[PDB]
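Asker: Can you read through this structure? Questions will come right after.
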Amino acid sequence: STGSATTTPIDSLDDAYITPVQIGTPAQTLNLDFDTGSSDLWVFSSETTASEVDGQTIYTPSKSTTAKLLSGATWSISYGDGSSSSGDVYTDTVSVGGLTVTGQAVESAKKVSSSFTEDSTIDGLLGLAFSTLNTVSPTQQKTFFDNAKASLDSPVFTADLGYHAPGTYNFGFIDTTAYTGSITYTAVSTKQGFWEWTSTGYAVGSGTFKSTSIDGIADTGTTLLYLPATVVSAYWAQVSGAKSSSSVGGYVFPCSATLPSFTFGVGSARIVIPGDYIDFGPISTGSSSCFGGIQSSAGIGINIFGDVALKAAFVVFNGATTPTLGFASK
């Protein structure tokens with residue numbers, strides 16, 4: 001089997017992408033944030049505290065003839081941005097782009113943190129990291145991909161995120177028309193539960209490539225590119241007037257600037273992030289200070305190849321017995 005679904009930016013900055021997901025019988029379609037940095041499929045629901053729902057579409061398990069309470073199971077998750085959610089668990093039929101999994105754990109939120117409530121466009125998350133990170137207790141549950149894997153034509157999914165435009169998540173096949181050149185594959189460590197890999201270096205604009213190992217994670221659920229402070233300083237030094245602002249929370253730059261590209265290495269291959277992809281717009285409405293799309297990871301503990309980096313590539317998440325990542329230009 002295969003599946004293919006379009007993923008759509010939630011706003012004009014590409015802050016996140018939403019993908020329609022069919023849950024239950026008859027289908028209830030929710031727009032979920034596909035997140036290769038986490039491993040829970042959770043949804044706003046009829047059980048979510050009413051004051052914490054503000055415009056989201058909810059899953060109502062009592063209206064699904066295939067929903068079953070997973071007795072005794074609870075979940076609770078906290079994300080790298082400080083947001084969180086928790087609740088109970090149903091199993092139900094879940095379909096993405098024509099690919100159907102029966103008995104998928106659907107984690108129904110009883111509580112969500114304010115950042116979720118305040119974003120009416122995201123109805124929940126669909127985790128695509130390794131199932132070892134799934135938070136369901138006392139019986140850990142599998143991700144949608146883990147459940148589908150054995151049925152897929154090939155045990156892979158691909159992320160093809162658009163810049164200021166829709167893109168595609170495919171399951172079970174590589175669309176050889178969706179990229180240019182060849183796909184370069186690189187080793188993955190699953191020891192932290194992530195799609196963790198080592199970039200071979202970077203360049204700023206037309207500058208020389210610096211060969212240096214940068215361990216980080218491929219994370220579709222993170223907006224920005226978070227890299228070591230040395231790398232980030234080298235980038236922003238090429239933008240007149242850019243500076244790190246403790247009060248804003250990162251590097252800002254004059255909105256009048258033209259940003260240089262940023263290249264990262266995948267083995268001997270190179271992925272070029274155009275400068276425009278690094279502009280996240282005014283820090284507040286009407287400001288002439290703009291927020292940068294490359295930020296320091298120093299306070300995180302891990303480097304994160306988020307959407308800024310991934311949307312410059314066609315990315316293969318190869319879930320074979322020994323997982324690997326592939327990157328191609330497009």
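Each chain in the structure tokens gets a letter, A, B and so on, in the order shown; residues start at 1 in every chain, and ligands are counted from 1 in the order they appear.
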Set the distance at 12 Å and use only C-alpha atoms: which residues neighbour residue 79 (chain A) once local chain neighbours fewer than 4 positions away are removed? I'd like the list as a ChimeraX atom specification.
Answerer: /A:35,37-40,83-86,112-113,115-116,125,127,133,135,221-222,300
Asker: With the cut-off set at 12 Å and counting only C-alpha atoms, tabulate each residue of region 255-276 of chain A with an atom at most that distance from an atom of region 235-245 of chain A, showing the nearest atom pair and its distance in Å to one decimal, ordered by chain and increasing number, as a Markdown table.
Answerer:
```
| residue | atom | partner | partner_atom | distance |
| --- | --- | --- | --- | --- |
| A:255 | CA | A:242 | CA | 9.8 |
| A:256 | CA | A:240 | CA | 9.9 |
| A:257 | CA | A:239 | CA | 7.0 |
| A:258 | CA | A:239 | CA | 7.7 |
| A:259 | CA | A:239 | CA | 6.5 |
| A:260 | CA | A:238 | CA | 7.4 |
| A:261 | CA | A:235 | CA | 8.9 |
| A:262 | CA | A:235 | CA | 7.6 |
| A:263 | CA | A:235 | CA | 10.3 |
| A:264 | CA | A:235 | CA | 12.0 |
| A:275 | CA | A:239 | CA | 10.6 |
```
Asker: For a quick check of understanding, using only C-alpha atoms, which of A:207, A:306, A:181, A:301 has the smallest distance to residue 329 (chain A)?
Answerer: A:181
Asker: Choose the residue, out of A:101, A:224, A:252, A:290, that has the smallest atom-to-atom separation from residue 307 (chain A); count only C-alpha atoms.
Answerer: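 Of A:101, A:224, A:252, A:290, the one nearest residue 307 (chain A) is A:224, counting only C-alpha atoms.
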Asker: Find the residues around residue 217 (chain A) up to 12 Å (only C-alpha atoms counted), leave out those fewer than 2 positions away in its own chain, and share them as a ChimeraX atom specification.
Answerer: /A:35-38,129,187-199,214-215,219-222,225-227,297,301-307,309-310,317,325
Asker: With N, CA, C and O atoms kept, could you save the residues just selected as a compact mmCIF listing (two decimals), in the first residue's frame?
Answerer:
```
# COMPACT_ATOMS: atom_id res chain seq x y z
N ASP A 35 4.77 15.54 12.75
CA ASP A 35 5.92 15.95 13.56
C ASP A 35 6.92 14.80 13.64
O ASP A 35 6.76 13.88 14.45
N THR A 36 7.98 14.86 12.84
CA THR A 36 9.03 13.84 12.90
C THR A 36 9.90 13.95 14.14
O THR A 36 10.80 13.11 14.31
N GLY A 37 9.64 14.91 15.02
CA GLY A 37 10.30 15.03 16.30
C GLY A 37 9.52 14.54 17.50
O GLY A 37 9.98 14.73 18.63
N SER A 38 8.38 13.90 17.31
CA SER A 38 7.64 13.31 18.43
C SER A 38 6.88 12.09 17.94
O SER A 38 6.85 11.80 16.74
N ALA A 129 8.37 10.37 14.77
CA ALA A 129 9.63 9.90 15.33
C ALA A 129 9.46 8.43 15.74
O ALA A 129 8.47 7.78 15.40
N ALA A 187 23.52 8.21 7.63
CA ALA A 187 23.21 7.34 8.76
C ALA A 187 22.36 8.06 9.81
O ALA A 187 22.45 9.27 10.01
N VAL A 188 21.54 7.27 10.49
CA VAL A 188 20.66 7.74 11.55
C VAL A 188 20.99 7.01 12.84
O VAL A 188 21.22 5.79 12.84
N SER A 189 21.02 7.75 13.94
CA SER A 189 21.01 7.17 15.28
C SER A 189 19.60 7.28 15.84
O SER A 189 19.03 8.37 15.86
N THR A 190 19.06 6.17 16.31
CA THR A 190 17.76 6.17 16.97
C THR A 190 17.87 6.17 18.49
O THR A 190 16.85 6.01 19.17
N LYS A 191 19.07 6.40 19.03
CA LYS A 191 19.29 6.23 20.46
C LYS A 191 18.49 7.22 21.30
O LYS A 191 18.21 6.93 22.47
N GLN A 192 18.16 8.39 20.77
CA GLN A 192 17.32 9.35 21.48
C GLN A 192 15.88 9.35 20.98
O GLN A 192 15.09 10.21 21.39
N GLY A 193 15.53 8.42 20.10
CA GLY A 193 14.19 8.32 19.58
C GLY A 193 13.90 9.21 18.39
O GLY A 193 12.76 9.20 17.90
N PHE A 194 14.88 9.97 17.92
CA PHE A 194 14.71 10.92 16.84
C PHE A 194 15.35 10.40 15.55
O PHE A 194 16.16 9.47 15.55
N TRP A 195 15.02 11.09 14.45
CA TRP A 195 15.74 10.94 13.19
C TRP A 195 16.99 11.81 13.29
O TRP A 195 17.07 12.92 12.76
N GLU A 196 17.98 11.28 14.00
CA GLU A 196 19.20 12.00 14.34
C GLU A 196 20.31 11.61 13.38
O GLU A 196 20.53 10.42 13.14
N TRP A 197 20.99 12.60 12.83
CA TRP A 197 21.97 12.40 11.78
C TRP A 197 23.07 13.43 11.96
O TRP A 197 23.01 14.27 12.84
N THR A 198 24.11 13.34 11.12
CA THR A 198 25.25 14.24 11.23
C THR A 198 25.48 14.93 9.89
O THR A 198 25.89 14.28 8.92
N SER A 199 25.23 16.22 9.85
CA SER A 199 25.57 17.02 8.68
C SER A 199 27.09 17.16 8.59
O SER A 199 27.79 17.18 9.60
N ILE A 214 28.00 18.21 12.32
CA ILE A 214 26.93 18.83 13.09
C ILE A 214 25.84 17.78 13.30
O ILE A 214 25.07 17.49 12.38
N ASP A 215 25.77 17.22 14.50
CA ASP A 215 24.74 16.25 14.85
C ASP A 215 23.43 16.98 15.10
O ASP A 215 23.40 17.95 15.85
N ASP A 219 13.36 17.44 11.97
CA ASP A 219 12.16 17.68 12.78
C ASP A 219 11.16 18.56 12.04
O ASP A 219 11.24 19.80 12.09
N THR A 220 10.18 17.93 11.39
CA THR A 220 9.17 18.68 10.66
C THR A 220 8.26 19.49 11.58
O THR A 220 7.58 20.41 11.11
N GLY A 221 8.22 19.18 12.87
CA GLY A 221 7.40 19.89 13.82
C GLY A 221 8.05 21.11 14.43
O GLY A 221 7.44 21.75 15.30
N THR A 222 9.28 21.44 14.05
CA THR A 222 9.96 22.64 14.50
C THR A 222 10.07 23.60 13.32
O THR A 222 10.45 23.19 12.22
N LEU A 225 15.58 26.58 12.02
CA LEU A 225 16.83 25.84 11.97
C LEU A 225 17.67 26.27 13.16
O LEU A 225 18.05 27.44 13.25
N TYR A 226 17.93 25.34 14.09
CA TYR A 226 18.67 25.61 15.32
C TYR A 226 20.03 24.92 15.24
O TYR A 226 20.09 23.68 15.17
N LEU A 227 21.10 25.71 15.26
CA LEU A 227 22.45 25.22 15.04
C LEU A 227 23.39 25.78 16.10
O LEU A 227 23.03 26.70 16.85
N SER A 297 21.08 26.84 18.89
CA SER A 297 20.60 25.70 19.67
C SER A 297 21.20 25.65 21.06
O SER A 297 20.93 24.70 21.79
N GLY A 301 20.11 21.86 23.79
CA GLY A 301 20.76 20.59 24.01
C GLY A 301 20.85 19.71 22.79
O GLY A 301 21.44 18.62 22.87
N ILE A 302 20.27 20.12 21.66
CA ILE A 302 20.35 19.37 20.42
C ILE A 302 20.19 20.37 19.28
O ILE A 302 19.50 21.38 19.41
N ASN A 303 20.85 20.09 18.16
CA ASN A 303 20.63 20.87 16.96
C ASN A 303 19.40 20.34 16.24
O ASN A 303 19.13 19.13 16.26
N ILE A 304 18.64 21.24 15.62
CA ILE A 304 17.36 20.88 15.02
C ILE A 304 17.29 21.39 13.59
O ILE A 304 17.25 22.60 13.36
N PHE A 305 17.24 20.46 12.64
CA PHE A 305 16.97 20.77 11.24
C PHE A 305 15.45 20.79 11.09
O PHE A 305 14.81 19.78 10.75
N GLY A 306 14.87 21.95 11.42
CA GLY A 306 13.45 22.16 11.32
C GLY A 306 13.03 22.55 9.92
O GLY A 306 13.77 22.39 8.95
N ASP A 307 11.82 23.09 9.81
CA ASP A 307 11.19 23.31 8.51
C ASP A 307 12.04 24.21 7.60
O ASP A 307 12.07 23.99 6.39
N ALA A 309 15.16 24.29 7.12
CA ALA A 309 16.09 23.43 6.39
C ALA A 309 15.36 22.39 5.55
O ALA A 309 15.69 22.19 4.38
N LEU A 310 14.37 21.71 6.13
CA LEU A 310 13.76 20.59 5.42
C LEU A 310 13.01 21.04 4.18
O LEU A 310 12.98 20.30 3.19
N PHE A 317 12.56 9.56 4.88
CA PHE A 317 12.66 8.95 6.20
C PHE A 317 12.54 7.44 5.96
O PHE A 317 11.45 6.91 5.74
N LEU A 325 18.34 8.47 6.59
CA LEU A 325 17.69 9.64 6.01
C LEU A 325 18.27 9.89 4.63
O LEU A 325 19.47 9.69 4.40
```
Asker: From a backbone DSSP assignment, name each residue in region 184-312 of chain A labelled helix (DSSP H, G or I), as a list in words.
Answerer: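 Written out, the helix (DSSP H, G or I) residues of region 184-312 of chain A are residues 229, 230, 231, 232, 233, 234, 235, 236, 275, 276, 277, 278, 307, 308, 309 and 310 of chain A.
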Asker: So how far away is CA of residue 111 (chain A) from CA of residue 62 (chain A), in Å?
Answerer: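 CA of residue 111 (chain A) lies 18.5 Å from CA of residue 62 (chain A).
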Asker: Residues near residue 279 (chain A), anyone? I mean within 7 Å using only C-alpha atoms, not counting same-chain ones fewer than 4 positions away, as a list in words.
Answerer: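 Selected residues are residues 291, 292 and 293 of chain A.
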Asker: Give me a file of those residues, with N, CA and C atoms, as a PDB file, in the first residue's frame.
Answerer:
```pdb
ATOM      1  N   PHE A 291      12.484  38.730  12.432  1.00  0.00           N
ATOM      2  CA  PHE A 291      12.988  37.584  13.184  1.00  0.00           C
ATOM      3  C   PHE A 291      13.686  36.593  12.256  1.00  0.00           C
ATOM      4  N   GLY A 292      14.874  36.157  12.655  1.00  0.00           N
ATOM      5  CA  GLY A 292      15.635  35.242  11.828  1.00  0.00           C
ATOM      6  C   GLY A 292      15.176  33.791  11.907  1.00  0.00           C
ATOM      7  N   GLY A 293      15.378  33.086  10.799  1.00  0.00           N
ATOM      8  CA  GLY A 293      15.001  31.691  10.701  1.00  0.00           C
ATOM      9  C   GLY A 293      16.081  30.690  11.049  1.00  0.00           C
TER      10      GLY A 293
END
```
Asker: Give me, please, the distance in Å between CA of residue 319 (chain A) and CA of residue 158 (chain A), quoted to one decimal.
Answerer: 10.6 Å
